[PDB]
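*Asks:* Make a model of this:
(one chain, ligands or ions: 12)
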Amino acid sequence: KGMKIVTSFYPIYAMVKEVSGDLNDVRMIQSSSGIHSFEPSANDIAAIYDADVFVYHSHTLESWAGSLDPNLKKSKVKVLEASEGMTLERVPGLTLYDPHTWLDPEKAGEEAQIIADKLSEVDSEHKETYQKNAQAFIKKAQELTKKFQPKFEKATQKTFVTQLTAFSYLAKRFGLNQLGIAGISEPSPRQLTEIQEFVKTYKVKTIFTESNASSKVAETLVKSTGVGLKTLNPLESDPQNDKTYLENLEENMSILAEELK
Ligand SMILES: [Zn+2]
Ligand SMILES: [Zn+2]
Ligand SMILES: [Zn+2]
Ligand SMILES: [Zn+2]
Ligand SMILES: [Zn+2]
Ligand SMILES: [Zn+2]
Ligand SMILES: [Zn+2]
Ligand SMILES: [Zn+2]
Ligand SMILES: [Zn+2]
Ligand SMILES: [Zn+2]
Ligand SMILES: [Zn+2]
Ligand SMILES: [Zn+2]
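*Replies:* Numbering: from 1, shown residues only. Ligands and ions are numbered 1, 2, ... in the order given. Take a look at the structure below.
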């Protein structure tokens, strides 16, 4: 029992719980369905306003976080932006940035260090603990990287196609390249030829889709490309299981390393 913390979505909950080292109680706004386009409910906003601290990933994703001001209401709350001053990257083809930072383990460690630095500024008593826990995270996240950097170096092919384009940072970590499919749901006889040419050019043996994807899109994908489907998890929603955040990242990069080697 300590500071009452409430987080936006899963990865923030996980990072705050790993940095806090169970020093205090942490909760998460239960974001039904999508977190990428979601404005909070009455209970959620009222409960974050009655909490010791509420932390969110970035203003480029949780736009509704900047609409808060405890000074003009119940002001028990400290609003922390876990990714303040991080180096995000514009989206190709165009100001909009790609907020999917947390999928890169080293960038996840960067965000965890920021979280620890901002949480020790609010909880002096236990700063030595925060800085400690985070510094262990950085180590693990580092080890993980060194575990996969070589097998992705030996990787024959370094490109993967996905229905969910949320892995730019994970790809840049290991020198890979992600691409997207240009057919969504009933494709034309011309779009079919184009997709065949695309699958040929890039020698695509498998198309990746969001975890718990819809069946209607998977069916048309398999029918249009002619290849099987594997699953990648953006961790936008807590996959209820007993695995640690870095283990959930290792899962994604294991799937990738198997497909590419
Ligand atoms: Zn208290
Ligand atoms: Zn989604
Ligand atoms: Zn997303
Ligand atoms: Zn910001
Ligand atoms: Zn950075
Ligand atoms: Zn001290
Ligand atoms: Zn404390
Ligand atoms: Zn490195
Ligand atoms: Zn399903
Ligand atoms: Zn869990
Ligand atoms: Zn491991
Ligand atoms: Zn899993």
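
*Asks:* Strands along the stretch 101-250 of the chain, start to end?
*Replies:* 159-162, 177-179, 206-210, 228-232 (DSSP state E, counting those that start in this stretch).

*Asks:* Is there any residue in the first one that contacts ligand 3?
*Replies:* Same thing as strand 159-162. No. Figure legend: strand 159-162 not in contact with ligand 3 (Cβ under 5 Å from the ion); closest approach 12.0 Å. (Each C-beta comes from the backbone N, C-alpha and C, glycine too.)

*Asks:* related to what we said a few turns ago, now the strands of the stretch 101-250 of the chain in a markdown table, with distance to residue 151?
*Replies:* Shown next, in a markdown table, are the strands of the stretch 101-250 of the chain (distance: least, Cβ to Cβ, whole Å):
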| stretch | distance to residue 151 |
| --- | --- |
| strand 159-162 | 14 |
| strand 177-179 | 17 |
| strand 206-210 | 18 |
| strand 228-232 | 17 |
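
*Asks:* got a markdown table for those strands, with mean neighbour count and distance to residue 9 too?
*Replies:* Output for the strands of the stretch 101-250 of the chain, formatted as a markdown table (neighbours: other Cβ atoms under 10 Å; distance: least, Cβ to Cβ, whole Å):
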| stretch | mean neighbour count | distance to residue 9 |
| --- | --- | --- |
| strand 159-162 | 20 | 20 |
| strand 177-179 | 15 | 21 |
| strand 206-210 | 19 | 15 |
| strand 228-232 | 17 | 17 |
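
*Asks:* Which one, of those, ends up nearest to residue 61?
*Replies:* Nearest to residue 61 among those is strand 206-210; the distance by Cβ to Cβ comes to 16.7 Å.

*Asks:* what packs against the closest one?
*Replies:* Other helices and strands packing on strand 206-210, by 3 or more Cβ pairs under 8 Å, 6 or more residues apart in numbering; DSSP states H and E, are strand 159-162, helix 215-225, strand 228-232, helix 245-260.

*Asks:* quick one: is that strand near ligand 3?
*Replies:* No. Using Cβ under 5 Å from the ion, strand 206-210 stays clear of ligand 3, with a minimum separation of 9.0 Å.
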